[PDB]
Each structure stands twice: as C-alpha cells, then as structure tokens.
Amino acid sequence: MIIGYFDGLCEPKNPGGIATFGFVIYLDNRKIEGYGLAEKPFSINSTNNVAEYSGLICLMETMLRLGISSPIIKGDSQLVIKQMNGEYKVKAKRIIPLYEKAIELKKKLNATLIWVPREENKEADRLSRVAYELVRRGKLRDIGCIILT
C-alpha cells in the first residue's frame, strides 16, 4: 500500500489570508512532493479549511493520475478527515464543492483517511510553507496543483 500526506495553511489571518497547501506521496524508492495555491491571496474566501481540502484534493488527483489504488491518506486536519469520513456534516458553501470533489476521488481510489498529530505531518507542512513563500514573491499566482519533478 502507498501512503500520502496532505496539509494546508492560511496566514497571516483566517479568513482573508494566503491559503496554500502541500502534499507528499511515498513510493517504494521515491518521494513525490507537491504544493499549490488554494484561493485568491487575501480573499474573503481564503481559509485554512479551504487550503486543507485543496491539499487533500491535489494529493488524491495526483494518486489517481499515477494509477495508485487503495492508498492511505494522512493529515492533521481532524475537521477535514471527520467530514470526509462522514462524522461531521458539510454546510459551508465554499467547502461544499471541495468536499463533493474529494468524496468522488476518495471513492475512485478507495482511499482511507486517517488523522495524525501535527508533529507527524511536518513534511506536508513544509511544502505548504514553500508555496506560501512563493505566493509572497509573486512566483505562485494560479489556483491549482503543482508537482515537483
């Protein structure tokens, strides 16, 4: 089985800050890293949960594109994980579309989502920060997934 991690952040304020994300996929002898921007910088729609859902979505879309199946997905966002696993309801208008897309990917991948403490998700956190810094430098300005070669 393959394991992947996802993270998202929104600084310096939430909502209304810069929302970026990061993810990592661990293959047999290779590590795939990615990150990105989740919403317009300093937009009212920019929130931590939007960033976290976006990281989850990019992680799963990448796994699907690669042909990975039945993976284990880990993250420290209990909010996202509990909504995805059906314990928490989703009503936030901005979250609804992200949740529905994530659910379809989860089903297509037959992925299992598991929560881990923040101290165990430092890799994906590092990537979210990389994207954050690129946004501040004007080097990241499109909403979408970025996968490092």
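- Structure determination for this entry, per the PDB record, employed X-ray crystallography and reached 1.60 Å resolution.

1. Observations concerning the side chain of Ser54
Part 1: Looking at where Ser54 falls in the secondary structure, it is placed in helix α1 (residues 48-66).
Part 2: Beyond its immediate chain neighbours, meaning those up to four positions away, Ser54 contacts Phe21, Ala38 and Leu98.

2. Quick word on the packing of aromatic side chains
Part 1: Applying the stated criterion across every chain, the model contains one aromatic pair.
Part 2: Taken together, a centroid distance of 5.8 Å and an interplanar angle of 85 degrees make the contact between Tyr5 and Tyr26 edge-to-face. With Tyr5 in strand β1 (residues 3-11) and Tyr26 in strand β2 (residues 18-26), this pair connects stretches of sequence that are 21 residues apart.
Part 3: The class of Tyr5 is buried, set by a relative accessible area of 16%.
Part 4: For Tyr26, a relative accessible area of 31% translates into the label partly exposed.

3. Considering the pairing of β1
Part 1: Of all nine residues in β1, seven are buried, a share of seventy percent or more.
Part 2: Here β1 runs beside β2; their pairing, made up of nine bridges, is antiparallel. Each bridged residue has a counterpart across the sheet, and for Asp7 the counterpart in β2 is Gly22.
Part 3: Once β1 ends, the chain turns through six residues before running back antiparallel as β2, passing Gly16 with a positive phi of about 95 degrees.
Part 4: Relative to strand β4 (residues 72-75), β1 is paired through three bridges, and the arrangement is parallel. By the bridge assignment, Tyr5 is partnered in β4 with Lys74.

Thresholds applied
Residues numbered from 1 in each chain as written, not as in the entry; some residues may be left out. Heavy atoms only, no water. Helix = DSSP H or I, 4+ residues; strand = E, 2+ residues; numbered from the N terminus. Contact = heavy atoms within 4.5 Å. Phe/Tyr/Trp six-rings, centres within 6.5 Å; stacked < 30°, edge-to-face > 60°. Buried < 20%, exposed > 50% of the residue type's maximum accessible area, 1.4 Å probe, protein only. Pairing = 2+ DSSP bridges.

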